[PDB]
Amino acid sequence: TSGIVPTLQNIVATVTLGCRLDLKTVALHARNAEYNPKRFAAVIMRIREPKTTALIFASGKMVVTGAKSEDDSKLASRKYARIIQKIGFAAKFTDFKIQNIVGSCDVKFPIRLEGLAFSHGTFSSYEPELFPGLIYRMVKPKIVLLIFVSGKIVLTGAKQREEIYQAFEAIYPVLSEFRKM
DNA sequence: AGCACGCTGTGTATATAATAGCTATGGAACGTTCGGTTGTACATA
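Here it is in structure tokens:
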């Protein structure tokens, strides 16, 4: 009905290697590594070809983020593991689970936020002197939507690409019902 | 050099994994500092 498909903007994927790393060694022998143990307990590393960031912890756990596609995250995570391998550490690609997907879109018309905040009060929270966007907590699929007056919708919380589409197709009608003017 | 205006970073809201470090918060204990004369017998000269 809508005819517009939301576009994914970020994918937070987590990977494990099953081995203990020495963060200082990784920071000193990796191209772009930023290890500051005083603030955080991981070495932050970036690569350019998929443009993703990785938080590599001392327990062999990795948190890749920034990929725009489900497969691109796999390529980024694989390259990060390979870089760790080329250092010499025992690193093997292992369980890869996408823990969060963020998508954005626009319905192309203003939305009366005061309406959703009133009609849908059990899901929507509208406190406009803190954040200019209404927060809709959909119950099935369990996804959080940020609805803005300019007609822009942000989808976050989906674990697969299907739920983020399902949420938008279920939110378009109630959004159109509250079109200003 | 002070005032108006543009640009840029910071905060606030949402989801999520990972980790280590500090904070509350009850529960238990120990140490220091406040609220004779009188009168009658008796035995002997």
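Each number in the authors' numbering comes from the position in the first sequence (counting from 1) with 59 added on.
Idealized CB from N, CA, C, for every residue including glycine.
Item, Value
"Cα-Cα separation, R79 to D130", "26 Å"
"Nearest candidate by alpha-carbon position, reference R238, set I194, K211, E221 and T215", "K211"
"Cβ-Cβ distance between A217 and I223 below 8 Å", "yes"
"Minimum C-alpha distance to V198 - residue among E188, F190, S183 and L189", "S183"
"Short Cβ contact (8 Å threshold) for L76 with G125", "no"
"Straight-line gap, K151 to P187 (C-alpha atoms, nearest Å)", "48 Å"
"Beta-carbon proximity check, residue 52 vs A135, cutoff 8 Å", "The chain is shown only over 60 to 240; residue 52 falls outside these bounds and no answer can be derived."
"Within 8 Å, strictly: CB atoms of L82 and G162", "no"
"Cut-off 6 Å between Cβ atoms - residues of its own chain near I143, not counting five sequence neighbours on either side", "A150"
"Run of the beta strand (DSSP E) containing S163, from where it starts to where it stops", "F155 to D165"
"For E108, the nearest candidate out of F177, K167, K133 and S178 (CA to CA)", "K133"
"For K239, three-class secondary structure by DSSP", "coil"
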